[PDB]
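Here the structure comes first, spelled out in structure tokens, and everything after it is commentary.
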Amino acid sequence: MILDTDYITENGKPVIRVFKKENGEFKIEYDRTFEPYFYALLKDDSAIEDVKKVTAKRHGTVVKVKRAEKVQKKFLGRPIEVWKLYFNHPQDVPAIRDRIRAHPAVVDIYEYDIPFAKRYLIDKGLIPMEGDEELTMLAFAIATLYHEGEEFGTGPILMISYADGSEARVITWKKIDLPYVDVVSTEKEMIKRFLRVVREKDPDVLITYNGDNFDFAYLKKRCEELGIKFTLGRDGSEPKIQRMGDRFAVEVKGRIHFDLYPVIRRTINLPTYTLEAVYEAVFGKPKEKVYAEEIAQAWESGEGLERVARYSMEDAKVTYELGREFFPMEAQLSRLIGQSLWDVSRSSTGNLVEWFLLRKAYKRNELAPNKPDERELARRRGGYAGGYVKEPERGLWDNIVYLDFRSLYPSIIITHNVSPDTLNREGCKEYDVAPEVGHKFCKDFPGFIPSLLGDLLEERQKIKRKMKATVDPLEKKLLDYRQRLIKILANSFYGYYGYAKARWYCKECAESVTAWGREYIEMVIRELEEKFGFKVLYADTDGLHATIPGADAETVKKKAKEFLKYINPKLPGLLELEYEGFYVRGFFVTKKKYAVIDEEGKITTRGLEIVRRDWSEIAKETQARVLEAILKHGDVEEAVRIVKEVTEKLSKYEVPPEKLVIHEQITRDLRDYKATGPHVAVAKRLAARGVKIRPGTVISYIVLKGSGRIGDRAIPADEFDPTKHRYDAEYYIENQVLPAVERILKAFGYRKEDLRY
DNA sequence: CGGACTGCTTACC
DNA sequence: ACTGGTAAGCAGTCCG
Ligand SMILES: [Ca+2]
Ligand SMILES: [Ca+2]
């Protein structure tokens, strides 16, 4: 299997490395045969020498076009011949481009921003993570003596924990008499050991939890301030601290640094993303968090260091088990997208999509359109019509069928050949005119995106067939990841169309996909209500909830199945309606907010404060019970009673504080904020004390007793002390518990005043 | 000024 | 930073 690619500068020339593992051994295949390239379009072909006259001033010597050649390519299908200007070293590519472009002879520059290492893998047609090879992994984690708003590295590392299949051990420089602890002389000695342990083990993968933005950055500052060759790489290299927008990433050249945080953060929805949280969320088992006030008092005292050690070890053990679970599927994405596990795991859907296109575009001899200019991005800042959302028939209904189109937007993109290279073509024999947007789509040649989207779905069925066959549960797991990911990559293409930063941006394409969506869902609802006696209780983009009011469950089901048999043949191309749920009873509140309970008793909840992570657990828990009380059981009184108890408990300060915690994400740079919420207020106060409240940070806080602004009474959850200051029973009554409960109970002719204690 | 409007902000579907 | 459509609350805005 191939791990990743980079290049070293062997005596002026660049040498491409292909880090791999085959025959149970790690190899480094070098390659000096590859040369950088970049496409240019001149107005008059003859004057290629005049353009080649353009040199570029670089920090290291001078640079000029090593060679050139006319390449017969295509651009949005329409053939286009271009000058492919080669270069001696790739670092000269970004120097001589702003000049080579600006030149009045050259029309435009194309494919100038693709990294050399990644470019090689695209052209050679090599696929990271292929073929069954067992990769050894090693998890590691650190415990530091943190104080309030110190400089990052000022505190020394007390412990370093590591974990793998065989064991989990702790390296520290204070006497802790436990079998899994290794006591060194000093902090410098603890690290010097940890570095041996890695080397002696020689693992392919290094697993961390937020290792990119903390653990690796911290160890460097320590190793720097102590004078240590922090050499973790197989080539004996120090870790690279490369930047990635608001955050950084960390490269261990020779090994795969797998940081779980960006994966976990982008895969599971949780209020907090503490390692203690995700372990419970993924595995079910609990995990104790030994805090900094504890860690410090232990170090300073020497008293309870055995407890601080159990934490250090667990942190690693957990970190390893999370890695061993998530790494498999992230490896399948490495193969699918065509770039490294390192890149893939740190990338957005926009990038993973764009990397998929660049690869399939090369194979197809399609010249990749450039990322948008600062001016261009603002030129394409115009929103469009989205999905249809029917205003719900509010109330408590019985016997609901839920119908929805199988993969709507991708089915529309393939069926109507919605591509940027099929949009308003010159003299196609056959054309598809989109309903409201009016944009015509050519039907003579399969479009670039539709074609690939076709192949993806084509393959997803090949993989789901090989699954039913595959006897090995290990293969049946790895096959499932492949097809589950393909489906996500498939439904991502419409969004990539509407994405201003995207290479293959197409406002017309996006607007037309949604436009058809509306045509079809509305025509189903119309047929379902007219041709058949159904009442559509609710709908949203591609699905609907319906019933025959008086009818029984058996009848609803039959007549619903009858409808599919009727409608589906009248629908065009890949568009096909599906029966995907029956519910004994259902409760629709507002657009986006509703709950159902199936024949077997499982309540499904959508939109309501229960599922929202910016609501106190008591409000959510309260709503959840005052919702079960009306659905699972038909006792509207029970809900009245439940609400009346949860109020008095809050009134008599008997509700545990943990349940009163309110989580809100800080989205942008704190200074940029216009208006101040309670969660911004807390962030601005913590910023004065030098807490790292950066974009992506979650503000956990409790509202304290008083009056005026809710934000000026807001303190961090960590810093709540029952003895010192109490909580605001008025807030968690009037602003949380009562509202969420009244949403459900308002339909049963109850007032808010009624439910209070 | 004690109410109703309106804009900012977050997280959901 | 993959989209648009939507609920809902905080904390200011207007106005008689
Ligand atoms: Ca549903
Ligand atoms: Ca579906």
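Cβ coordinates were reconstructed from backbone atoms using ideal geometry, including for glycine residues, and neighbour counts include every protein chain displayed. FYI, it's all coordinate maths here, none of it is from the lab.
What per residue convex hull volume, in Å³, do the alpha-carbon atoms of region A:438-590 yield?
For region A:438-590, the hull spanned by Cα atoms encloses 197 Å³ per residue.
Among A:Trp397, A:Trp504, sorting on how many other beta-carbon atoms sit within 10 Å of each Cβ, with the fewest leading, yields A:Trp397, A:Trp504. Considering the zone a paramagnetic label at A:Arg380 would reach in this model (a point 7 Å from Cα along the Cα-to-Cβ line), which residues of region A:86-124 have amide N under 15 Å from it? Label zone hits: A:111. Straight-distance candidates among the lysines for linking to A:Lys70, with alpha-carbon spacing under 24 Å and chain neighbours fewer than 8 residues away dropped: A:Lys43, A:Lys52, A:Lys53, A:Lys84, A:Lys118, A:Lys124, A:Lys360, A:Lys363, A:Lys371. Over region A:650-706, the ratio between the Cα radius of gyration and 2.2 N^0.38 Å evaluates to 1.29.
Let a ≥ b ≥ c be the square roots of the eigenvalues of the Cα gyration tensor of region A:586-757; is it rounded (a/c under 1.5), or, if not, prolate (a/b larger than b/c) or oblate? Because a/c hits 1.5 or more and a/b exceeds b/c, region A:586-757 counts as prolate. Treating each Cα of region A:347-466 as one equal point scatterer and applying the Debye formula with no solvent, the log10 of I(q)/I(0) at q = 0.16 Å⁻¹ comes out as -1.08. Extending 7 Å from Cα along the Cβ direction at A:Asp480 and again at A:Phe26 yields two label points whose distance is 3.2 nm. Computed over Cα pairs, the Kirkwood radius of chain A leads via Stokes-Einstein (0.692 mPa s, 37 °C) to a diffusion coefficient of 108 µm² per second. Per residue, the Cα convex hull of region A:238-361 amounts to 153 Å³.
Remark: C-alpha extents of region A:447-499 on the principal axes read 41, 19, 10 Å, sorted largest to smallest. Here the calculated FRET efficiency for A:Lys561 and A:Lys468, from their Cβ-Cβ distance with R0 = 30 Å, stands at 0.75, rounded to the nearest 0.05. Among A:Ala675, A:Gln623, A:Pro657, flag the residue with its Cα farthest along the positive direction of the charge dipole of region A:586-757, charges on Cβ as +1 for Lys/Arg and -1 for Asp/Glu. About the Cα centre, the residue reaching furthest to the positive side is A:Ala675. Label separation (A:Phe283 vs A:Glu81): 6.4 nm, computed from points 7 Å beyond Cα along the C-beta direction.
Placing a label point 7 Å from the Cα of A:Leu704 along the Cα-to-Cβ direction, the residues of region A:722-757 whose backbone N falls under 12 Å from that point are A:722-728. For region A:117-179, applying the loop criterion from DSSP together with a ceiling of 16 other beta carbons within 10 Å to the trypsin sites (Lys or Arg not before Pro) yields A:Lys174, A:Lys175. Applying 1/(1 + (r/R0)^6) with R0 = 25 Å to the Cβ-Cβ distance of A:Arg689 and A:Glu225 gives a FRET efficiency near 0.60.
Over all directions, average the projected area of the Cα convex hull of region A:81-140 and note it in nm². Could you put the intermediate results ahead of the total?
Numbers: hull surface 30.2 nm².
Reported value for the Cα convex hull: 7.5 nm².
Ranked for footprinting exposure by Cβ neighbours inside 10 Å, fewest first, A:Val71, A:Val437 give A:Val71, A:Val437.
Measuring r between the beta carbons of A:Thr136 and A:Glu294 and using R0 = 51 Å, the FRET efficiency lands at 0.90. Residues of region A:277-319 falling in the label zone of A:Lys201, defined by backbone nitrogen less than 14 Å from a point 7 Å along Cα to beta-carbon, are A:313-319.
Compared with the direct C-alpha span, the chain from A:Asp44 to A:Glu578 gains 186.6 nm at full extension, assuming 0.36 nm per residue. Summarised in one figure, the compactness ratio Rg/Rh of region A:507-623, Cα atoms and Kirkwood Rh, is 1.03. Centroid-to-centroid, using Cα positions, region A:693-757 and region A:492-524 are 40 Å apart.
Computed from the alpha carbon positions, the gyration tensor of region A:534-591 leads to an equivalent ellipsoid with semi-axes of 21, 16, 9 Å, biggest first.
For all pairs of alpha-carbon atoms in region A:131-347, what percent lies in each bin of width 5 Å, listed from the first bin to the last filled one? In order of increasing distance, the bins hold 1, 7, 14, 20, 21, 18, 12, 5, 2, 1, 0 percent.
For region A:113-152, the equivalent ellipsoid built from the Cα gyration tensor has semi-axes of 39, 21, 5 Å, listed from largest to smallest. Across chain A, the relative contact order, built from alpha-carbon pairs under 8 Å that are at least six residues apart, equals 10 percent. Across all Cα pairs in region A:177-300, the calculated P(r) in 10 Å bins from zero up to the longest distance comes to 10, 33, 38, 19, 0 percent per bin.
Work out how much length A:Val15 to A:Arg101 would gain on full extension: take 0.36 nm times their residue separation and subtract the Cα-Cα distance, in nm to one decimal.
Computed gain between A:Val15 and A:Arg101 is 28.2 nm.
The slack between A:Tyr673 and A:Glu522, meaning 0.36 nm per residue of separation minus the straight C-alpha distance, is 50.4 nm. What you get for chain A, charging only the Cβ of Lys and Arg (+1) and of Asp and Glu (-1), is a dipole of about 1880 debye around the Cα centre.
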